[PDB]
Amino acid sequence: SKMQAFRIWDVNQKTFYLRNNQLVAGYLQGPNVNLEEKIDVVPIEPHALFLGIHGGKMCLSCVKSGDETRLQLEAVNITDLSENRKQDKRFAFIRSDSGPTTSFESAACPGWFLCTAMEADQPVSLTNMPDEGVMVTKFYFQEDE
Amino acid sequence: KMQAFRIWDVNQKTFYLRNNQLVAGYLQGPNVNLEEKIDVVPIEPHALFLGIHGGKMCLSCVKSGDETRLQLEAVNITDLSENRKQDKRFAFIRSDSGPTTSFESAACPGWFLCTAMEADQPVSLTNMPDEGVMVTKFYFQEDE
């Protein structure tokens, strides 16, 4: 259970980058390629994990705002989280591989998978309609190391 | 470099923009001026980039599982690169059959550029070009 660095891009080749402290998927080229966000990962045996950016300084979570289930980026240290604390569960994600791609399902909001839009520069989100082909839910997740 | 062509399908439909969505229909009267010529930057062997407006807008295929989508992105066709991972979505493979031509998505293999049998529908992509529902055969005339 320690911090690993991963590079991620969806099946349409979009990368993650921040815009107004929001995570968005898009195509970075040239000087802007330096905006690419690597994903910091702390494994939770056997198939879950905590996901973050900026050296695990900000972590991804699933939050329910009234009637909405939205992805959120919180200012918490990936290292303070615990697979055994009820409150940190909103940060857990289940990793599932199939072929050369990877999917991430929310542990606190099951049935919700991390996703990106087909159009560029849209924020990264969570959809509960994976196979219904509107949002992308498959990613190439590789250990940047 | 950029080569220009005129395109029209086997049913005589031409491409034109409608609410900035590439649609295919029959232009009449002063509307014939709405025809969109296709700009091409070939990629040896038989691959190529396709655009309109002097290469200022290029078509691409983006997928989501078992479904694909045809998009017109505001990118310069000259900035696209064949040795660039992300630009593959703009690549198309050309094939000719007799006097006709077909275009297959490199990013979404098995999906061909196609038109609806009826007029004024958006140009799209189809995974089944054989079972004739959508039209996938085109006349592609090099504007020389």
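By the method listed in its record, X-ray crystallography, this PDB entry was determined to a resolution of 2.1 Å.

Per the PDB entry, the recorded name for chain B is INTERLEUKIN-1 RECEPTOR ANTAGONIST PROTEIN, and the organism is Homo sapiens. The title line of the PDB record says "CRYSTAL STRUCTURE OF THE INTERLEUKIN-1 RECEPTOR ANTAGONIST". According to the UniProt record, the Function comment for chain B reads "Anti-inflammatory antagonist of interleukin-1 family of proinflammatory cytokines such as interleukin-1beta/IL1B and interleukin-1alpha/IL1A. Protects from immune dysregulation and uncontrolled systemic inflammation triggered by IL1 for a range of innate stimulatory agents such as pathogens." Entered under Sequence similarities in the UniProt record, the comment concerning chain B runs "Belongs to the IL-1 family."

As recorded by the PDB entry, chain A carries the name INTERLEUKIN-1 RECEPTOR ANTAGONIST PROTEIN and is attributed to Homo sapiens. Listed in UniProt under the heading Function, the comment for chain A reads: "Anti-inflammatory antagonist of interleukin-1 family of proinflammatory cytokines such as interleukin-1beta/IL1B and interleukin-1alpha/IL1A. Protects from immune dysregulation and uncontrolled systemic inflammation triggered by IL1 for a range of innate stimulatory agents such as pathogens." Turning to chain A, the UniProt annotation filed under Sequence similarities states: "Belongs to the IL-1 family."

Caption draft 1: Representation of the overall build of chain B in the model. Counting secondary structure elements, chain B contains zero helices and 13 strands. For chain B, the succession of helices and strands along the chain, N to C, is β-β-β-β-β-β-β-β-β-β-β-β-β. Whereas a compact globule of 144 residues would reach a radius of gyration of roughly 15 Å, chain B reaches 14 Å, a difference of no more than 12%. C-alpha extents for chain B along the principal axes are approximately 45 × 35 × 35 Å. A buried classification covers 47% of the 144 residues belonging to chain B. Expressed as a percentage of contacts within chain B between residues at least 6 apart in sequence, the contacts between residues at least 24 apart total 51%. Only carbon and sulfur atoms are counted for the fraction: they give 46% of the accessible area of chain B, which is about 7,500 Å². Both charge centroids of chain B, one from 14 positive and one from 20 negative side chains, sit 5 Å from each other.

Caption draft 2: Summary view of the interface of chain A and chain B. Opposite the 13 residues of chain A that make contact, chain B presents eleven residues. Taken as a group, A:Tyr27, A:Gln29 and A:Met118 account for 41% of the area that chain A buries against chain B, more than any other trio of residues on that side. Counting across the chain A and chain B interface gives one salt bridge. Counting the contacts that link chain A with chain B gives seven residue pairs in polar contact. Its residues placed into classes, the side of chain A that touches chain B shows eight nonpolar, four polar and one charged.

Caption draft 3: Region of the structure containing the UniProt feature "disulfide bond" in chain A. Residue and element names in this part refer to chain A. UniProt pairs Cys-59 with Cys-109 in a disulfide, but the coordinates disagree: the sulfur atoms lie 16 Å from each other. Here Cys-59 is to be found in strand β6 (residues 58-65). Tracing the backbone through its elements, the reader meets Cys-109 in the loop between β9 (101-106) and β10 (113-117).

Caption draft 4: Geometry of the pairing of strand β8 (residues 91-97) of chain B. Residue and element names in this part refer to chain B. Both strand β5 (residues 47-52) and β8 contribute to a ladder of three bridges, which runs antiparallel. Along β8, the bridge assignment pairs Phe-49 with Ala-91. The sheet contact formed by β8 and strand β9 (residues 100-105) spans six bridges and is antiparallel. In the sheet register, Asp-96 faces β9, and the bridge partner there is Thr-101. From the end of β8 to the start of β9, which pair antiparallel, there are two residues, and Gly-98 there has a positive phi angle of about 70 degrees.

Caption draft 5: Representation of the packing of aromatic side chains. According to the stated counting rule, one finds ten aromatic pairs over all chains in the structure shown. Judged by centre distance (4.5 Å) and plane angle (15 degrees), the ring pair of A:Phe6 and A:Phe141 falls under stacked. Note that A:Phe6 is positioned in strand β1 (residues 4-10) and A:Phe141 in strand β14 (residues 139-143), a separation of 135 residues in sequence. Accessibility classification places A:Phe6 together with A:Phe141 in one group, the buried group. Arranged with centres 6.4 Å apart and planes meeting at 55 degrees, the rings of B:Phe103 and B:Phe138 form a pair that is tilted. Linking B:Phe103 in strand β9 with B:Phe138 in strand β13 (residues 138-142), this pair joins segments that are 35 residues apart in sequence. Comparing B:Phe103 with B:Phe138 shows no difference in burial state: the two are buried. Members of the aromatic cluster, each reached through a chain of ring pairs, are A:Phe6, A:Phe16, A:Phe104, A:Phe139 and A:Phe141. When the ring centre of A:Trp9 is taken as origin, the NZ or CZ atom of B:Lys85, which lies over that ring, is 3.5 Å away.

Criteria and thresholds
- Residues numbered from 1 in each chain as written, not as in the entry; some residues may be left out.
- Chains lettered and ligands numbered in written order.
- Heavy atoms only, no water.
- Residues with missing side-chain atoms left out of burial classes, pairs and counts.
- UniProt positions renumbered as here; feature names shortened; annotations may be inferred.
- Helix = DSSP H or I, 4+ residues; strand = E, 2+ residues; numbered from the N terminus.
- Rg over C-alpha atoms; globule rule 2.2 N^0.38 Å.
- Buried < 20%, exposed > 50% of the residue type's maximum accessible area, 1.4 Å probe, protein only.
- Contact = heavy atoms within 4.5 Å.
- Areas by Shrake-Rupley, 256 points an atom, 1.4 Å probe, with all protein chains shown as cover.
- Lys, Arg positive; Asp, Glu negative; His and termini not counted.
- Charge placed at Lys NZ, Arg CZ, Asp CG, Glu CD.
- Buried area = accessible area lost by both parts, 1.4 Å probe.
- Salt bridge = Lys/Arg side-chain N within 4 Å of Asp/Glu carboxyl O.
- Polar contact = N/O pair within 3.5 Å; in protein donor to acceptor, adjacent residues only side chain to side chain.
- Nonpolar A, V, L, I, M, F, W, Y, C, P; charged D, E, K, R; others polar.
- Disulfide = S-S within 2.5 Å.
- Pairing = 2+ DSSP bridges.
- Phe/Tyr/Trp six-rings, centres within 6.5 Å; stacked < 30°, edge-to-face > 60°.
- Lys NZ or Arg CZ within 6 Å of the ring centre and 35° of its normal.

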